[PDB]
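Here we start with a single chain on its own, the form deposited without the partner chain, put down as structure tokens.
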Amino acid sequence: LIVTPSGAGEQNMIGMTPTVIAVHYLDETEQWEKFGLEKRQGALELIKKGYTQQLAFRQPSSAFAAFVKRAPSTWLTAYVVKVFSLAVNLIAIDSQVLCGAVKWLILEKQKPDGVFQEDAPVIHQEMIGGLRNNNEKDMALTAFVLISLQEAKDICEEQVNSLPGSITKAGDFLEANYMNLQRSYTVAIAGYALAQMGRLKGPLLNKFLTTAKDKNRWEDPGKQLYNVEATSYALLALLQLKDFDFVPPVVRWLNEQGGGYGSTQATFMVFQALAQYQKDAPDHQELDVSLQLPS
């Protein structure tokens, strides 16, 4: 077939993504009844397999790369943190693994002004969604990594005393440069990261809200998938703000839009966003998990 790289430490995470986020979605919306509760247990074992397999790509630093002889990726390590965080009450996640990865990010990859830097890009660039785009990478990657740190905060605050300060520093950098942002993608991902901290207010909030088109989506010219991802981030930001009036058209647009090549991020983010929408929003609209959780 086609010649393509085989970075298994990345490819296992691509494989793990649908099962984890599907289980997340069904747990959060409490919809296992319709889907079939008997299926949950097998999904849990599949997640456990993915997790256990990922451990072999955990390097002595606690960071992750596609290959054990390749330098660890900042993005991949943060993605692992985010995925493993969603799984902590689904299976036994070793805290040293999760919190070790968090601490490496903080002690090695964060720059003095709060920015997170990638020194060894993932080989499978399709798995990183909108991030693949060149510009505003310092803001976009810092937001991505900060979001992962936010997911690990409660689990790891006790193991990693430096965590809250790293979060605040990354938050400082996002806030200081948000107004100069031009891409809708960055506006949405950084908007979510800031909103989670209660730091998306004033002119920043205005920019975020007014960056949308037709008050229903955040999009930039290019791959449609990146807009589905951006808009899911924006939906999550709206839910942090509890701005339930702006919400309905966004959810309609998202639902009117899942898998294949380059769909890791879209799949993860859509299911996360729509899951939280149904969990939070009073009298939510009616909204297929079968594709993520086959047989």
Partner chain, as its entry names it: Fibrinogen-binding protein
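Residue numbers count along the first chain shown, from 1.
In this entry, no coordinate-free residues of the deposited sequence separate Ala281 from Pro282.
In this entry, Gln257 and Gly258 are separated by 1 to 3 residues of the deposited sequence that lack coordinates.
For the pair 172-180 and 158-166, the record assigns the higher mean C-alpha temperature factor to 172-180. Annotation for 204-212 versus 101-109: the higher mean temperature factor (C-alpha) is found in 204-212. When the C-alpha B-factors of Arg132, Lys82, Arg217, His124 are ranked from the entry, the top spot goes to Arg217. Taking the PDB entry at face value, the top CA B factor among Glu229, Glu45, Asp243, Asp27 belongs to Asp243. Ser73 sits in the lowest third of its chain by CA B factor, as recorded in the PDB entry. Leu149: CA B factor lies in the lowest third for its chain, per the PDB record.
Split the chain's modelled residues into thirds by C-alpha temperature factor. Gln224 is in the highest one. Sort the chain's modelled residues by C-alpha temperature factor and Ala87 lands in the lowest third, per the entry. In the deposited entry, the Cα temperature factor of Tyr261 places it in the highest third of its chain's modelled residues.
Note that the form solved in complex with the partner chain isn't included here; everything after this is about it.
At least one heavy atom of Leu90 is located within 4.5 Å of the partner chain in the deposited complex. Contact between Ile155 and the partner chain in the deposited complex is found at the 4.5 Å heavy atom cutoff. Closer approach of the C-alpha atoms of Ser6 and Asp94, by 3 angstroms or more, is seen in the deposited complex than in the present form. One change in the deposited complex concerns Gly7 and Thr142, whose Cα atoms lie at least 3 Å farther apart than in this form.
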